[PDB]
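Below you will find one chain, with nothing else, as structure tokens; this is the form deposited without its partner chain, and questions on how it binds or moves follow later.
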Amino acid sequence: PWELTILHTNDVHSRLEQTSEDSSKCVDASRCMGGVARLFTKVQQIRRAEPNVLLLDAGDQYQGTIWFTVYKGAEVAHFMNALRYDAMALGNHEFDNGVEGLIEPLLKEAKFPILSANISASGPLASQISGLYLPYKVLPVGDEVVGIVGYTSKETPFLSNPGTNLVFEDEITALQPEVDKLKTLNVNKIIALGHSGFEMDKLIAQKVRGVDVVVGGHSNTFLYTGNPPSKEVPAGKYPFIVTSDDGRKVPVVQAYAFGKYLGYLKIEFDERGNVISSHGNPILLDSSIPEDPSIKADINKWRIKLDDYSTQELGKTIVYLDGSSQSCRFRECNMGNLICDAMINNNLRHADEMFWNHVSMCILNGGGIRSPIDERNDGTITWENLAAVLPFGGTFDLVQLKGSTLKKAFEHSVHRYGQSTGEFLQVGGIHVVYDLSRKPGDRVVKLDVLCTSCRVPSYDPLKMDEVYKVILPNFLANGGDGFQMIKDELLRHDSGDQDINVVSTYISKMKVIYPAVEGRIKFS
């Protein structure tokens, strides 16, 4: 039997440096985790011990910290090249800076193949990008070969900025003929590496004949066999076994997100490329693993430009930005309005004739707003200033919520009003009126929302059975601040852009801001 060790990462999201346990800024170095210098140590150890190793990434290196803001993917090519990745699939966030921001910094500079079988280009773009990403690559591994076939979320156009010259095909439709072709070329060991989420990964394992292993991402899915090593709760066993339509057992793996874990799967193959066995587990990259000194020194050299950028003017405010708890946990606050307006601006994506934009609505817990910004520093706003407002290292995510769910969220917003608690919601594209004289759970007396399926945006009453797209912090999507109804009732969740980065981009675009308090939230 021929044994292959698959090492894999996904959704690293710009965590070049080691992190806290929750993947935010490292504060207590002795308890920090992940980062590329530590990953290097572990990958190097494994490659000393195991003859046949592939190191794969299932996409979404782009977006997540100031590294991406400043280096715009140059850091991804540089550090993934230093770690000698063997292949990467395109994720949705690889399109955040458009096609041009993918071609240059990543596709031209990577020393490994970049894969996606389900993305096609037309017009001049097709000639410009031809061969810079591939449907698959056949890689030599010892005396054998392994085909790796890529895929990317069909939903990328709603979740990034790929432009109108790329088409994202159904994954299974695109993958089957490539896997078929590899069979005709005597490639009997096939890994599907891609970025569509655990649910699609299981359908691929089930339906794509000839796929031996699925290495996925996008859904930040933690899988584990045994007692978990940290705070992440497993969604299932590692690997997750799918029984394929042709009767095979196909392992499906993912490795959470943020470079906290290294995925590690050992596969035994027979001489015909059938999987005989698969086992493994992600490896927690905790402080017991040293950071590689050479990689760490290069990280610290690249950090200089980050420190320089963090104090540069992004733009100006002519108004006090009231991020005080005394405002933002009690009433509409102009910092809340600014951040929600930045969230909606970030989620402007290419529109059908069926909507002016796919999403119009925003909610933001006032407890997530951690500082005001004073306008009397000649109006300057810096990244450092925004990092005081938004210090948790979160994202602004896209969810789909029934109106009934959102009305329950707005009741939760004021259920214990008057105690300076974090759950009070700031808004965009929503007008709410509370009557605090009513019983908790019955305080919302008007709730109007900005239409999407309309040529002129206007407000209509919220409908209980309608499903709304809403931009909100990951903290709330995950049921933080007691918003269990959001976690338990949401119909869709996709992780979005770094919180600070969303606001910094909007302020840079606007150049001079003057957000008002304007009656998005009223009390009767």
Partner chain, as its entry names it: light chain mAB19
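Positions refer to the first chain, counted from 1.
The same protein has a further form, the form deposited with its partner chain bound, not shown here; the description that follows concerns it.
Engineer: I need to confirm a contact call. Of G393, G197, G368, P135, which residue comes within 4.5 Å of its partner chain in the deposited bound form, counting heavy atoms only?
Structural biologist: Checking each option against its partner chain in the deposited bound form, the one that comes within 4.5 Å is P135.
Engineer: Between the options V233, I276, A126, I304, which residue brings a heavy atom to within 4.5 Å of its partner chain in the deposited bound form?
Structural biologist: The residue in contact is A126.
Engineer: Taking its partner chain as it sits in the deposited bound form, is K181 near enough to touch it, meaning that at least one heavy atom pair lies within 4.5 angstroms?
Structural biologist: Contact check for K181: yes, within 4.5 Å of its partner chain in the deposited bound form.
Engineer: Whether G247 contacts its partner chain in the deposited bound form should be assessed with a 4.5 Å heavy atom distance threshold; does it?
Structural biologist: No, no contact at 4.5 Å.
Engineer: At the 4.5 Å heavy atom threshold, is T243 in contact with its partner chain in the deposited bound form?
Structural biologist: Answer no; every heavy atom of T243 is more than 4.5 Å from its partner chain in the deposited bound form.
Engineer: Within a 4.5 Å heavy atom cut-off, is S437 in contact with its partner chain in the deposited bound form?
Structural biologist: No - in the deposited bound form, heavy atoms of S437 and its partner chain never come within 4.5 Å of each other.
Engineer: Have a look at 412-420, 197-205, 280-288, 110-118 and name the one stretch with heavy atoms inside 4.5 Å of its partner chain in the deposited bound form.
Structural biologist: It is 110-118 that comes within 4.5 Å of the partner.
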